[PDB]
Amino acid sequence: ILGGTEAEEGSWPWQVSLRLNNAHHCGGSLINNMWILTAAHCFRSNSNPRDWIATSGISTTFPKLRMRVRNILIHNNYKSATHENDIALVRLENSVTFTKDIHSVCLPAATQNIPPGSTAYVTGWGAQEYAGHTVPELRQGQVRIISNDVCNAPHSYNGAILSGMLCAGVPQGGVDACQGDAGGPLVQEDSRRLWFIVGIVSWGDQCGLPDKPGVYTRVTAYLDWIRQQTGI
């Protein structure tokens, strides 16, 4: 996360770290007591459940809970060349005991309204500037949804943002997800104080460039896939 702050314990109870060969690699979100929603490209080099561990807690050095992984499911039509359908599910070896500090985020409704300029929070242990290292302490940053068409401007991504994707950032830049934040959530609170995952951190041109906002998997576009795989 660029331009954000350290999250407090319990702020983001669905956030998890995914560790490959005992190092933080990607973020994810609990969507029930067995399942974590994340990005496909996290598993491009290794998709062996035995080599992955999930953790909960604001700290990756001193986690509150370590959880073994049993299954990794990559979207059937994930295409790395165009970043399309960059989405994955991870099923845990044992159910997680839900508490105030550790529990699930809501999936959005198929008709969820997500206006441009609307506020959202992105969370993770990613780098604090382009080319930096990951951090041990969870960070959060506040950003605004940017319309797909504006994001597709010739001076921006110029047609690369597709319908199952979404963009977010701030006009002057400096606030964004970075390398190490992939698979983490982009969340909005509704007026009943429930939080919904609208995006999954996916890709972008560097990090924090004003003309290049963060690109995220649009979760509404994958609801039917998720329900099939998980019953959620």
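Sequential numbering from 1, following the sequence displayed.
In this entry, 187-195 shows the higher mean Cα temperature factor of the pair 187-195 and 38-46. Look at the C-alpha B-factors of 205-213 and of 13-21. On average they run higher in 205-213. Highest C-alpha temperature factor among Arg91, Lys79, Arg139, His155 per the entry: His155. Of the candidates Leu162, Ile74, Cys151, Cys106, the PDB record gives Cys151 the highest C-alpha temperature factor. Among all modelled residues in this chain, the alpha-carbon of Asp101 has a temperature factor (C-alpha) in the middle third. In the PDB entry, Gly124 places in the lowest third of its chain by CA B-factor. Residue-level temperature factors show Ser95 in the highest third of its chain, judged at the C-alpha atom. Sort the chain's modelled residues by C-alpha temperature factor and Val135 lands in the highest third, per the entry. For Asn85, the recorded CA temperature factor ranks within the lowest third of the chain's modelled residues.
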